[PDB]
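Let me begin by presenting the structure, written as structure tokens, before commenting on it.
Values below: every heavy atom of this structure, side chains too, minus hydrogens, waters and symmetry copies. Within every chain, numbering begins at 1; the chains are lettered A, B, ... in the order of the sequence lines, protein sequences first and strands thereafter.
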Amino acid sequence: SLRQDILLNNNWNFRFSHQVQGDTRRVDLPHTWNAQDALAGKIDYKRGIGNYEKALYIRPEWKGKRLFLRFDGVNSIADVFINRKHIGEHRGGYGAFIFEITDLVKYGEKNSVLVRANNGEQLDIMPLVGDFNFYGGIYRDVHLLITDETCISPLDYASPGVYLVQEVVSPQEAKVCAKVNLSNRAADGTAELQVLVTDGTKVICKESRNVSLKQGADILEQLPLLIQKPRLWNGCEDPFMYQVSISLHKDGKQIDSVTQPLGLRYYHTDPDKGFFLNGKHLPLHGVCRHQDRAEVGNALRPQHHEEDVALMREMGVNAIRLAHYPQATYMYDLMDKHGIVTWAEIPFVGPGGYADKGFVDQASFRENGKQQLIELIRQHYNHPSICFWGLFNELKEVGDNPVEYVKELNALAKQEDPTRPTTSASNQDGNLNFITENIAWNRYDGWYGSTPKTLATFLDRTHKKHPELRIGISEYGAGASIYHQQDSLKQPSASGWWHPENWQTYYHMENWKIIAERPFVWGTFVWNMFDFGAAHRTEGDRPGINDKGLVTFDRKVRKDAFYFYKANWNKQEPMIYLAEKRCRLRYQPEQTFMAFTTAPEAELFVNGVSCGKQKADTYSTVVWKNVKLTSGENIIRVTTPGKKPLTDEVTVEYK
Amino acid sequence: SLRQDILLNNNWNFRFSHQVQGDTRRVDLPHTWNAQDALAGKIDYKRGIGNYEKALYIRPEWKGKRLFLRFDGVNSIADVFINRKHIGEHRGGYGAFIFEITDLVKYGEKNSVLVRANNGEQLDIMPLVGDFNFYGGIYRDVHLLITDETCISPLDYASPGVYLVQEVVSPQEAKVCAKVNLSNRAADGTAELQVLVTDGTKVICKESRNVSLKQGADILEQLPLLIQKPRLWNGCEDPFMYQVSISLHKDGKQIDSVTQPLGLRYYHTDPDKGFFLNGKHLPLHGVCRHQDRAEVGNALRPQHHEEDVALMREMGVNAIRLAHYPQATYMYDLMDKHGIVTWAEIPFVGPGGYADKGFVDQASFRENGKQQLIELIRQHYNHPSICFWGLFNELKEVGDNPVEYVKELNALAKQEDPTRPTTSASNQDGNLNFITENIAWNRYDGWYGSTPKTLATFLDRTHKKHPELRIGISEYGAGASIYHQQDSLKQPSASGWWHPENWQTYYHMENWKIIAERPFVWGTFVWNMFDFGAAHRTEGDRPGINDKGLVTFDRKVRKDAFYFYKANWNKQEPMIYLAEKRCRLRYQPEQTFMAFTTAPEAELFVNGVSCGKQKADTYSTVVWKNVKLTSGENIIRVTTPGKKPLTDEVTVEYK
Amino acid sequence: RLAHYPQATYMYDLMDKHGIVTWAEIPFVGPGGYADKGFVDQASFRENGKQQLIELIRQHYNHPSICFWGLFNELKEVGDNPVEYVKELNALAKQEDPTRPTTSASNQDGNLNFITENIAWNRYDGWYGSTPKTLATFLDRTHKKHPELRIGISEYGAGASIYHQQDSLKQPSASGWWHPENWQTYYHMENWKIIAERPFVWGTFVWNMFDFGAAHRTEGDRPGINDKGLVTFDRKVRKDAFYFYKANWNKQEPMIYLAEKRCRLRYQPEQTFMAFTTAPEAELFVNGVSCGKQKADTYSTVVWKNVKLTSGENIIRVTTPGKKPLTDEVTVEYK
Ligand SMILES: O=C(O)[C@H]1CNC[C@@H](O)[C@@H]1O
Ligand SMILES: O=C(O)[C@H]1CNC[C@@H](O)[C@@H]1O
């Protein structure tokens, strides 16, 4: 009677097609075959076909039901076979996809499921280029879905089949259109469709409709909902969601059901005053996050998403840009749950300072880009956290000019979802910046040359020249190795093998001050919350890594800048953090010590003797200058005021 | 006034897309990037995108002409850009392709030509699998073609635009339909089309037609030709060809012209008596040849084709199977010139003893297969040497079953060219063998197990059970290293690291005797004329090589079997060849010496002392038994009779 | 010169058999234009070097072909200075075998050149920069300044791919991916003329008879190869310079060889054809029509200038005099 969702992750037989003999090894999903070679900095890591095969017992009692194989993600092309007969293809590495196998299997026996995954280079599947790894394989879950022959359809771009369209939302009332896809393979007849909105045990809406479904029908039903005096999803202040059950009934029996969240809110972006959520100004304190991790590549487990979100909330993050592609359903779920305003985007990624192009002007590429956009929007439609749809990152006009195609994507986004604005992330001047509703730039003033001050100049000049633009900062950052430490502050070469941590700290303190004074900037996103994989990189403390994270690739170590942001953004958790603790060897005659704290002041101790109190500045920073160390070991301690104080401590050597 | 054909092979800038920085190196076409890694036996050799860029000066005086970039071959996908704007894509590694660039260039300046070549794995472009290397890149010539605005069209699958259809051919008369594609971009008006057939300075046909061509017209004209008492293209006996000039004229001025050969013949294949050319039985003494070579991979220069053909003619080859794909125009030209009956085929290649599949049942694969077949037939239509179109090699029915698709390809071949029969090369029993007009099998009785005798049993049983089949042998062979030698004859393990030359010799002598007695076998083709590259191989004297050649990979050394065939097939060139000369170390008490000769007998000398004469058998082999060597060095000499004899000699050591 | 190490007994046997005067050497090899050092000054290295020298001399003592023992190739004094150790090796060679002189192959000025009885230099004037003429200047100046030195040329050469061809003569970048065959031909003709006029040079050795393996190379028509051979790595193809030397050095075997046959595509308005022959003269034919005879010069070279080709295919033939002549032929395309 109930819909079943069966995980098919364990024990698949794997081999590369370049291994011609046919023998296989066991693997377990999520899986990528690029977790060792790409992460070792091998620039020509394996990009081609890997094959997964599993024997699936089709239970006799599933006869009469409908059966679907749903894939959460396979990078980048998947060809699926049942009993070695081809059933379909998916092109795109980040969107879910589904095939019905109801009439393709033999009931009561083992059937072969074969997936031939290809992450070889293509010129007709975005992303074509990018500063990250194109990890190959079935790197998200695989499900066997089992439903009634009359069901809420899972066949609409592999979405849940329900779109809760937020037409009008205010504190007085919300009008929602529940769009429901129905799929019928039963004999001609009827069913009753019910849409139930609840808050815990309390019933908020219950709307019903009798529907006549022809054999073979695949149709869209639209049920209007009205909620009086709604409780709004209000970011981290109150991430409230209703639950919606959508169900089908025949003769007073429920025969199918799906649940989706309903987090109601309204928003706008003001060119002069920034982002407003539910009628109130909201600074977007944002970071970016790639979907990979040390040692496992992009084969992330649920605890990895959970941990990433825990670290961001610890830091006081209230906004995120999930670059550079559609990410996991579970990850958008955590954004919903924790109230994090989210920018979600398609992988329409340009070259940046590197070679080749993000756009190749041929129908196959362009049609496939539209498919990946429709996938993004339909598959992730109901997540309240998503407040912006991103259409590109660092495209450029030279050669194949993407401006007209990006206009087509913008119009398609607005058609698919008029309830959210489009955005984009640019490193260019010119017409590419004037298509999406909001615009943002990737700025590295003070890292890739210049000084942080030119970010202030760029922001002010652009805002004055183009007062209609809603200006954001879609990336800003600096590299750091936790193993590169020096007593003095000196700007390093960005592309070199020396990325002292103190420069990243300096960079973020200076850039944050510029942002904090400019409320017309509707959101800013640190590049990046975590170090991440990019095989071609040859910089910092090891190849193959982009080290602009606030936290290391294995999520183990928070860099000093993490705590600068935590003090400023997470003000209600008491803390004190001494900066430059990893710089154990000191040689400067005049030592400077610096702490980040939520307290109004702090006290410094050197070798157990107080150096006195210093006040925190407006950026939660306390600084002591001309501190005198003695030759050899020195114990440095900082303490907040109060009867029960907080402390941080380190032993440094002075010579 | 004249059509120009300008080679664009020298000095291109190259880089891999996995090299992200943008710097390049000079390369010169023909080029493959897999001439070192695949040939070293690296099984995961580079399969992905390589980029070639060249500045092309567009001369001011070309304004008013039409300009085309014609590619003879790029493996396997090519995306072409002019001034970095995409102009088109080709999918398929072995057929020619063309783009007009007339209205895409700036006249009087340098224009960028960029080719982005991809040999990454695909499941929608045959060949999907195969016992050979998928060498990537622009491995054949690139041309700039310059024509009048009214021209014999080069735009019909990049063919010459002229199809000389051999409708009826006999010694009394030949009826030919000259099909001519015309392309017009001039203002509405007329031109005169002339088709001129000559034999040296003698005029055989001259047919003319006035044609009215609308602006933008792309049309087909058909001019009937009648040749009384023709001189026929008759294989190696008389490879005679007429020359055909096809020209366009305006106001008594020739404005365009193309030349094509006309080699007239008729043929049939008899299920009981074999192949008949021009009404006369012709044993097809065939070999196969791949288009690669030591050190250069498939980036063959003209002297490489010329040399390969010289070696085959030296051996008395009169038939060839140019496996496993469309090969170079120049190579089919040499077959025409030297009278070699040719099997040409599409790369519809199955796995053999290896994993995966030759057929993936999806529209993209199937449509692309049809395109590669149409390319093959239209591009190579006028070569008299081609007498069979091959549709597949070792497909199998399990999983995706290609039988119905192969029937579609057979019907398409017959539509495109009713003047040649279809054929195929099978390693299967069953329905796949009953589609093409002729059928052939790949047989390794005595190499991959069993004994040569079971080839005789298979041939006789099949012929008796299925008397309607025209049976051929599309492959037969055995491996040999010239560096593996042993005094005794012992069958080696096929997959092992020991391939003694004497077993390959034994294999071919025994298999040839079986074939020679069976005239119902219409043709047999040795696998292979030359050792060739197959990165995944781990056998013989080094990895990465299929060593079943009669001649080594560098074309330097002829193995003993080469001379067995030469004695039997090239009977009018006097020769004597002592076998087993490379086996320098002898230990058998009773030595056997063996020579291949065109003479009726030969004489053996050991240490300058005659051992007497022995008669050649029916297979041009002379054998001396129980020859007594003395400890240490022995000089062995064999001599033909006559006042001016031929000799072969070797020094062996006996111990 | 069987560089850069003791080679097979069977190879020295063939030198004995065929009468080839042989330089045999130990692998005491320096870096040349590359990094690191040929000499590391520690007892283990030095004692092992002496062992390899004693091995060379005792193992190959009886080969008449061996007339020189080579002690090093391109060592340099900077850092660990091998001069004193090379003197020790020289004294050891003379002790082990007073019946042969020592020699060495240098790319340096200074004291390293004054230890062995004969000395030789590796010279690439006209390949690694400069012009062949500076070889003549170096040889004459050294000989005048140091009249006691027995001066040889232990290496001279230029790279060539048989797949790199161009109608015009232009010096390529040595380290680049374009090594046109005609520059190697030019290089050897010019250097040979300089050597031939200087009998005080006791021996000269082409680097190299064959292309050979050097994994770190990234030049010519493929990586991993030193392409200065007169013959290709697989021993299949003789480059044009092979036949220049054959005409000059093997005078009693009649021959004619047309140069630049691999350069099939011609575009120069005025074509030059060049043949190497043992004959006193030869005749050129273009499309079956004689262009007349030309005399061979003192270096067995015959040259025809301002030859007129017609658009498209041209058949070029050269023939020696006599009732039974020798010929060489090629078809080129002119456009
Ligand atoms: O250079 C960087 O670190 C960033 C520049 N903007 C685009 C990012 O993908 C890239 O990682
Ligand atoms: O095993 C072999 O050597 C041959 C078997 N038949 C197919 C060929 O491609 C293959 O090379």
Part of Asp124(B) lying under 4.5 Å from any heavy atom of chain A:
side chain
At a heavy-atom separation under 4.5 Å, does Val360(A) approach chain B through its side chain, its backbone, both, or neither?
side chain
Of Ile77(B), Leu123(B), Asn118(B), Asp361(B), the largest count of non-hydrogen pairs under 4.5 angstrom with chain A goes to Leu123(B)
Report yes if some heavy atom in the side chain of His536(B) is under 4.5 Å from a heavy atom in the side chain of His18(A); otherwise report no.
no
To the closest 0.5 Å, what do you measure between CG (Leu128(A)) and CZ (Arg116(B))?
7.5 Å
Who among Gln362(A), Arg84(A), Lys85(A), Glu121(A) has the most heavy-atom pairs with chain B under 4.5 Å?
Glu121(A)
Let me confirm one number: the OG-CD distance from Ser495(B) to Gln21(A), rounded to the nearest 0.5 Å.
10.0 Å
May I ask you to list the residues in residues 348-356 of chain B that approach chain A closer than 4.5 angstrom, counting heavy atoms only, ordered by number?
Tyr354(B), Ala355(B), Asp356(B)
Does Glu397(B) have more than 12 heavy atoms from other residues, nucleotides or ligands lying within 6.0 Å of its CD?
yes
d(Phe359(B) CZ, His86(A) NE2) to nearest 0.5 Å is 10.0 Å
Cut-off 4.5 Å, heavy atoms of chain A, and the answer for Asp400(B) is both
Measuring from atom CZ of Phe365(A) to atom CD of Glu89(B), what distance do you get when rounded to the nearest 0.5 angstrom?
13.0 Å
Spell out the residues in residues 40-56 of chain A that have some non-hydrogen atom less than 4.5 Å away from a non-hydrogen atom of chain B, in order of number; otherwise answer 'none'.
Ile43(A), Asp44(A), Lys46(A), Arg47(A), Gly48(A), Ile49(A), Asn51(A)
